[PDB]
Structures are given as C-alpha cells and as structure tokens.
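Descriptive analysis of the structure
Here are the chains, one letter per residue:
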Amino acid sequence: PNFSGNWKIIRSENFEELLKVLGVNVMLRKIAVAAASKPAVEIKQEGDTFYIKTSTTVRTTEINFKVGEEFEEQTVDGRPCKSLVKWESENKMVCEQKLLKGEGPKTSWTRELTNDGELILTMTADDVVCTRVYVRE
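Residues numbered from 1 in each chain as written, not as in the entry; some residues may be left out. Heavy atoms only, no water.

- Looking at the entry header, you'll see solution NMR listed as the method.

Looking at the nonpolar core
- If you look at the biggest cluster of nonpolar residues, it comprises 17 residues, and the most contacted ones within it are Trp 7, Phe 65, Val 85, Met 93, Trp 109 and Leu 119.
- Of all elements in the fold, only β2 (41–46), β3 (49–53) and β7 (92–97) reach the threshold of two or more residues within this core. (Core = buried A, V, L, I, M, F, W, Y, C linked by side-chain atoms within 4.5 Å. Buried < 20%, exposed > 50% of the residue type's maximum accessible area, 1.4 Å probe, protein only. Helix = DSSP H or I, 4+ residues; strand = E, 2+ residues; numbered from the N terminus.)

Some details on the packing of aromatic side chains
- Considering all chains together, one arrives at five aromatic pairs under this definition.
- Ring geometry for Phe 3 against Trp 87: centres 5.7 Å apart, planes inclined by 75°, an arrangement best described as edge-to-face. On the criterion of sequence distance, the pair formed by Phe 3 in the segment before β1 (5–12) and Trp 87 in strand β6 (residues 80–87) is long-range, its members being 84 residues apart.
- Residue classification places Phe 3 among the buried residues on the basis of a relative accessible area of 1%.
- A connected cluster of aromatic rings, assembled from ring pairs, spans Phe 3, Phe 50, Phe 65, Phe 71 and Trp 87.
- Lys 44 extends its terminal NZ or CZ atom over the ring of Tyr 51, reaching a point 4.2 Å from the ring centre. (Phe/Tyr/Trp six-rings, centres within 6.5 Å; stacked < 30°, edge-to-face > 60°. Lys NZ or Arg CZ within 6 Å of the ring centre and 35° of its normal.)

Some words on the environment of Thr 57
- Position of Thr 57 relative to the elements: it lies in the loop between β3 and β4 (62–66).
- Through-space distance from the C-alpha of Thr 57 to that of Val 26 is 29 Å; in sequence the pair is 31 residues apart.
- In terms of polar contacts, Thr 57 uses its side chain to reach the side chain of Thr 56, at 3.4 Å. (Polar contact = N/O pair within 3.5 Å; in protein donor to acceptor, adjacent residues only side chain to side chain.)

Structural notes on the pairing of strand β8 (residues 107–112)
- Of all six residues that make up β8, five are buried, and the element is covered over most of its length.
- Two strands pair when backbone bridges link them, and β7 and β8 are joined in this way by four bridges, in the antiparallel orientation. The residue bridging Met 93 from the neighbouring strand is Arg 111, located in β8.
- Two elements, β8 and strand β9 (residues 120–125), share six bridges in a ladder whose sense is antiparallel. (Pairing = 2+ DSSP bridges.)

Some points on the pattern of salt bridges
- If you walk through the whole model with that rule in mind, you get two salt bridges.
- One salt bridge connects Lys 82 with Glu 70, and the closest N-O pair in it is separated by 3.6 Å. Remark: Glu 70 occurs in strand β5 (residues 70–74) and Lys 82 occurs in strand β6; sequence separation between them is twelve residues.
- By relative accessible area, which is 23% here, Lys 82 ends up partly exposed. (Salt bridge = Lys/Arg side-chain N within 4 Å of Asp/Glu carboxyl O.)

Pasting the structure below:
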C-alpha cells in the first residue's frame, strides 16, 4: 500500500473552496485562511496498521489506527462524529467520517500513493475538500 514515510506539501489550493462550498456568506476565504507556514505530515505504518500525524509547527493530533477500524471525534456544532479508514485499490485508502446522523454534507479523507513518492491526500468536511499532493521527505 505504501504511505509509510514523511510527506512534504505539494500542490494545495482548496482551503477557500472549503469556506466557499460550506455556504459562502461573508466568509469569503474567511479573510484569514490561506497559508502562513508549511503544513507537513508524517505517516508511520506496518502492513494494515497506520499512523498519521498532520502537524505544521505547534501541537497537533494524529490517528494511530489500523485500516479496518474507526476512530471517534466531534464536529464543530450539532452532533458528535466518528471516522473509519478503508481502501480503494491498494495504495488508495479512504476515511469516511460521519456524525452518526449527518444533516447535509459530511467529513472524510482518502490518502493515495503514486509511482513511489507522490502521496495525494484529500479530506472533505461539510462539503469542503482539502486535496493536496505530497512527496516523501
């Protein structure tokens, strides 16, 4: 499946599309969101077991799970929400995150590999989608 390896940012332009698809209404790129530092990440996996720490400079969270299982979490406001990682082909995995009910859109993310150093990881959320290619540091 690949994935095991740190990942540098490569091609990223969806942040505004996130605050623009959730329902633009004075948000307009939230006049603040864009890119001030370098949002890096580091994956650590052993077979079907995977770990994912997406940080940038300050503290952050990471999912030390193993594909075939779900995690837990909470949305911004409304109801709670868990997640669940799976596969697609063998080097492309997903992570459908739901709020145990869903009202309209939903959250989720799919990490995919390419050639041998092009990890494109997407991550939707409330109809938004953060898609950016990565490479192995």
